[PDB]
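We place every Cβ from the backbone using ideal geometry, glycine too, and count neighbours over all the protein chains shown. What is reported rests on the model, the rules as stated and the sources as named; none is laboratory data.
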Amino acid sequence: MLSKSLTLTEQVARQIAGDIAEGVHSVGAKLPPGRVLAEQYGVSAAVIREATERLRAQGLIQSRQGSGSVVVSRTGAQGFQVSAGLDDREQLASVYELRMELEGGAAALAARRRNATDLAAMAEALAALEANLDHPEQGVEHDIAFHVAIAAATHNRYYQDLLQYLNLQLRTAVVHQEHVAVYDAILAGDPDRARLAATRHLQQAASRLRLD
Amino acid sequence: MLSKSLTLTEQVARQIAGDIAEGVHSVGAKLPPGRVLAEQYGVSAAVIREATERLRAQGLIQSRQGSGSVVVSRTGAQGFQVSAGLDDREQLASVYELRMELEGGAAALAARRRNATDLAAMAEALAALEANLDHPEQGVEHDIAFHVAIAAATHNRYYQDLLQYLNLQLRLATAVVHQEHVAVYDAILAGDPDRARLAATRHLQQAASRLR
Amino acid sequence: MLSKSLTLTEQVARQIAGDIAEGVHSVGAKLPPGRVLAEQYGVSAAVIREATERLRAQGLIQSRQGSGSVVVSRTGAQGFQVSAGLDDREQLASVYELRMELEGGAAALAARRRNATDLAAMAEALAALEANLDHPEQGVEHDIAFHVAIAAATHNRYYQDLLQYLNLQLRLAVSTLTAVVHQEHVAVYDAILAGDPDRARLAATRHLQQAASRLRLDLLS
Amino acid sequence: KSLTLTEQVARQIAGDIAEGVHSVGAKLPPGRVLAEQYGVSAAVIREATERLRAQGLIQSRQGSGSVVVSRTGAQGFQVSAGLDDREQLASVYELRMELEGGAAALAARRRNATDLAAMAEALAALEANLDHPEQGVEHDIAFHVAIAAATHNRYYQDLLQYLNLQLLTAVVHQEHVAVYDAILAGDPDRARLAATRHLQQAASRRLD
DNA sequence: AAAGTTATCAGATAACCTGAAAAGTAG
DNA sequence: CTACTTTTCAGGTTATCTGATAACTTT
Ligand SMILES: [Zn+2]
Ligand SMILES: [Zn+2]
Ligand SMILES: [Zn+2]
Ligand SMILES: [Zn+2]
C-alpha cells in the first residue's frame, strides 16, 4: 500500500528477463505462448500483453503475429549516451562541437528539403521567437521549436529524433541574428550557406557559453 | 521484404513521445485519463495500457494506481535505435546519409586532432588492407577499424561513442575501394580540415552508389 | 484517430494491383505462383490466399486450380473509395481532403455552366433548408440535393457520378448549429447566381473547410 | 467447375444482406459461427470475408468483428477507353483537369525525398525518349503516378491511376517540368497552376 | 464518504502463422 | 507416371476488442 509495490505487470517481466540472461530461453528461441505464461504465473491475459511490451521496448525481444516472440539480446541493448544539464567541462566541449557537425549538416539537407508547410512551422516559430526578444524566459521552447523545425525539415524520419533528443537538454539580439540568417539560407534552398550560418550560430554559442 | 507494419501500440507511444518532446506534457504534469486517450487517439484501453508500459520501460513517465500518469523526462531509455532490417531501405538510407554527415566533420576534427598511434593505427591496418586486396573476406575486419581510427582519433568519446553504435547496428541487418579509402589519409595527415571531410564523403557516397 | 496501417492481405494486393498496372505482369500473363509470392513480399500462406481473392472480386486476375492465376485486366469493376471504417480517421481525413478540391472545381464548372434548372433546385433546397434550421435532421435530406444539384449545375454526368458515390459513403460513414452552416451554403450560391468561377471555388472550399472543422471537433469532444 | 466453397458463401451472403437479414450496421456473425453454420473451414471464411471487403459490403475492426456497410455494393462504374469520343472523353478530360490541379498542389506542401526520387527519375526516363514517343507513354503513364503518389493520399493517387488505364514531346515536357519545379520549389498554388497548362494543352491537342 | 484513476480479471473476435491432406492441371 | 500449382481441412498464437472487477487516490 504505502510504497509503490511492484505490480504484477512489472514483476512478471523481471522473472522472464532473468531467463533471457539466466540462459533458459536462449537467443533466437521461441518464448512460450501467452496462455502458458498466464498459467505459469497465475496472472491474466491483460497483464501478459503489457509485460511483453516491457521486453519489446527494452529491446530484448521482438514479435510477429502468429509466430510468437523471438529473443534478441540477453543484456538488452537499451544503450546510447548524452545526459542533459549536469555541467562538467571539456566533456561539454566533446558534445557541442558534435552538434556543430550536426546542426549544420541538418540545415544543409533542408536546403533541398523544406516545403511550404515546413516553413509554416518555422514561420510562427521564429515569429514566436521575435515576439519575446525582451522576454528570453519564454523563447526557450521556440529556440528549440525553431531549431526543431530544421530537423523536421530534414525529412529524415530517423535523423530528426536524434536531434529531437539532443536539444531537450537543460541549460539577445546577438543570439537571434545567427538564426534568421540560416532561415534566409533554408528559405533560399542554399546548400552550404545553411551548413555555414548554422555551424557559425553554434560556433559563437559554444565559446559564448564557455564564457559563462 | 515488406516494411514491418506498426501496431496501434507503438504508433501511440511514438506520437505521445512527440507530444512529450513538444513539451505539451511537461514534467510533474499528470497525463490525461487513458479513457480520454482512447477517445483522443482512437482505440480501446487494451492498447492504452500497453502503450503506457512501452513508456514506463523506456523511462518517460511513471504512474501511481489511483493518481493518474505523471511525466518525468524527455530523454529516452538510451537514445533511439532503429530496428532497420527489411523495414525501410528508405529509413535505412535515412542513416547512410547522416553516417556520412558525421563522417564529414569526423575526418575533419581528426585532421586537427590526429595523434601518432591514431595515424599509426590508420597505417597498421592500411598494410593489412594492401595484402588482403586478394582476401576480400579476411579484409573485412579492417574497413571499420580504419574508420574507427578517425573516430578514436577525435579524442571525443560522445562523438566516438555515437558513431560506433551507428556503424555497429548498421552491419547488423578493393582496388578502387582502397584508393578511395586512401585519399583521406593524405587529407587527415596533412592538416587539411575540409579535404579530410572531402575525400571521406567521396568514400561512403561511392560505396552507397556501389550498393544502391 | 490515425493511420490504420493496412493488412498485409490488402498491403499485398495494393502492390500486386500496382504491379499489374505497372504492366510488369502484362495482361494474359501468369502471376508468379503462390509459393514464390510469399517470399517475394515476405508473408504467410493465409495472406496471399486472401489477397488473391481480393483480386478475384476486384477481377484483376482469374485463377484455375492447376494453371494458377492469369491477369485478365488492368482495371477493376469501377473505382471505389474503400473506407468509411470505424477508426479510419486518417483514412477518412484522406477522404475529405479530396471531395473538397473536387467541390472546388465542382463549383467552377457550375460557375461557368448552368440553366435556371440548377438555380431552381439551388434556391429550392436552400429554401427547404432555410425554413428548416429548426428540426436539425430532416434538413439532412436537403444538404444532399443542394450539394447534389450543385454538381448538376456542371453538366458532366461523370462528375455527377463521382460526387454521388463519395457522398454516399460519408452519409454511411459518420453514422453518429444549422445557422452558420446554412450561411456558407448560400455563400457558394451568391458567387454562382452572379456567376463567378474563382469566387465560388473558395466559398465552396470554405464550406468543407468549416463543416469538417465541426467534425474533427465533435469526435474529440 | 462450379462455384468455389468460398464464393458459395459470398453470393450466399449478399442475399441475406440484401434480404435485410444481415441488415446494415449489424455485426456480421463471427468467423467461427459461420463455419459452424455452414460446415466449412474457418480458413475458408477469410477469403469470403476478403471478397465482401473489396466488394464494399463490410469492413472490420480487429476485435469487434465485421459490420456490413451496404446491402448491394455501390461499385460505381466509369468504363471504356474509346468510342463516342466527340467531347464525352473531353468531359473526362475536363474532370481530370482539376484533379491534376489539386494533386500537384498537395505535392508542393508535403513532398519528400522518395517523392523527388522517381519524379526526377521518371522525368529522366522521359527526357531520353523524346524522339521515341511510342515509349514515353508508359512514362507519361508513370510520371503522373509519381507526383500522384506525392499526395501520400492512398485514394487520391490510386483512383488517379485507374484513369491512365484508359487508352510533340519537346513541348508537352516543358509543361511536365514547369509543374515539376513548382513542387520542387514547394509553391502550392504555382503547383496547382504550372500543371494544368499541360492538361489544358494536350486536350486542346480534342482536335486530334 | 464519494467521484474518478489506474491496474486486473473474464470473455471474446479478427489478422496472421505453420503444415498436412485434397484437388486439381502442365511435365 | 512424377512434379507443379491451386483449393481445403485441422490445430495455433498474436494482436486488438469490450465488459467488469478490484485496489487506490483523488476530491
Ligand atoms: Zn539557440
Ligand atoms: Zn570497403
Ligand atoms: Zn454542406
Ligand atoms: Zn502527360
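Is there any pair with a first residue in segment D:48-70 that is within 7 Å of chain C (Cβ to nearest Cβ) and part of a helix (DSSP H, G or I) and a second that is surrounded by 21 or more Cβ atoms within 10 Å (Cβ to Cβ) and of a type in the set (D, E) whose Cβ atoms are under 8 Å apart and which are 6 or more apart or on different chains, and what are they?
D:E50/C:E50; D:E50/C:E53; D:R51/C:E53
Sort out which residues of segment A:118-137 are within 12 Å of another protein chain (Cβ to nearest Cβ) and surrounded by fewer than 15 Cβ atoms within 10 Å (Cβ to Cβ), and write them in order of number. Please lay out each step first, then the result.
From segment A:118-137, those within 12 Å of another protein chain (Cβ to nearest Cβ) are A:118-121, A:125; that's our starting set.
Selection gives A:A120 alone.
Using beta carbons and a limit of 7 Å, which pairs, at least six apart or on different chains, have the first residue in segment B:138-150 and away from chain A (no Cβ under 14 Å) and the second one away from ligand 1 (no atom under 16 Å from the Cβ) and β-branched (V, I, T)?
So the pair list comes out as B:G139/B:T174.
Quick one: in segment D:151-192, of everything that is basic (K, R) and surrounded by fewer than 21 Cβ atoms within 10 Å (Cβ to Cβ), which residue is nearest to the other protein chains (Cβ to nearest Cβ)?
Within segment D:151-192, the match that is nearest to the other protein chains (Cβ to nearest Cβ) is D:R154.
Filter segment C:97-147 down to the residues that are of a type in the set (K, R) and touching a helix residue (DSSP H, G or I) at 6+ places or on another chain (Cβ under 7 Å) and list them by number. Reasoning before the result, please.
Of all residues in segment C:97-147, those of a type in the set (K, R) come to C:99, C:112-114.
C:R99, C:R112, listed by residue number.
For B:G85, only one of the following conditions fails: (1) buried (at least 19 other Cβ atoms within 10 Å of the Cβ); (2) assigned to a loop (DSSP other than H, G, I, E, B); (3) under 17 Å from the mean Cα position of the chain (by Cα). What is its number?
Of the numbered conditions (1) buried (at least 19 other Cβ atoms within 10 Å of the Cβ); (2) assigned to a loop (DSSP other than H, G, I, E, B); (3) under 17 Å from the mean Cα position of the chain (by Cα), the odd one out for B:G85 is (1).
Could you please give the count of residues in segment C:3-61 that are more than 28 Å from the chain's Cα centre (by Cα) and on the phi > 0 side of the Ramachandran plot?
Of the residues in that region, 2 qualify.
If I filter segment D:35-44 for residues that are at the interface with another protein chain (Cβ under 8 Å from one of its Cβ atoms) and either within 29 Å of C:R64 (Cβ to Cβ) or more than 16 Å from ligand 1 (Cβ to nearest atom) (or both), do I get at least one hit?
Among the residues of segment D:35-44, at least one is at the interface with another protein chain (Cβ under 8 Å from one of its Cβ atoms) and either within 29 Å of C:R64 (Cβ to Cβ) or more than 16 Å from ligand 1 (Cβ to nearest atom) (or both), which makes the answer yes.
Just checking, which of A:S26, A:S5 is exposed (fewer than 12 other Cβ atoms within 10 Å of the Cβ), within 8 Å of DNA strand F (Cβ to nearest atom) and polar (S, T, N, Q)?
A:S5
B:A46: within 16 Å of A:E53 (Cβ to Cβ), surrounded by fewer than 20 Cβ atoms within 10 Å (Cβ to Cβ), among the hydrophobic types (A, V, I, L, M, F, W, C) and outside the structural domain of B:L170 (by TED's automatic domain parsing), yes or no?
yes
If I filter segment C:206-221 down to residues being buried (at least 17 other Cβ atoms within 10 Å of the Cβ) and in a helix (DSSP H, G or I), which single residue comes out as nearest to DNA strand F (Cβ to nearest atom)?
C:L208
Return yes when D:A113 is closer than 20 Å to D:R197 by Cα and either touching an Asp or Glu at 6+ places or on another chain (Cβ under 9 Å) or crowded, with 19+ Cβ neighbours inside 10 Å (or both) and no when it is not.
Judged against the criteria, D:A113 is not a match.
Do we find that D:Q157 is in a helix (DSSP H, G or I) and on the phi < 0 side of the Ramachandran plot in this structure? Outline the logic, then answer.
Values: in a helix (DSSP H, G or I): yes; on the phi < 0 side of the Ramachandran plot: yes.
So D:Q157 fits the description; yes.
Can you report the number of residues in segment D:178-200 which are acidic (D, E) and assigned to a helix (DSSP H, G or I)? Step through it out loud before you land on a result.
Our first condition is that a residue be acidic (D, E); within segment D:178-200, this holds for D:181, D:187, D:189.
Checking which are assigned to a helix (DSSP H, G or I) leaves us with D:181, D:189.
So the answer is 2.
Can you tell me which residue within segment B:71-82, out of those that are more than 8 Å from chain A (Cβ to nearest Cβ) and of a type outside the set (S, T, N, Q), is surrounded by the fewest Cβ atoms within 10 Å (Cβ to Cβ)?
B:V72
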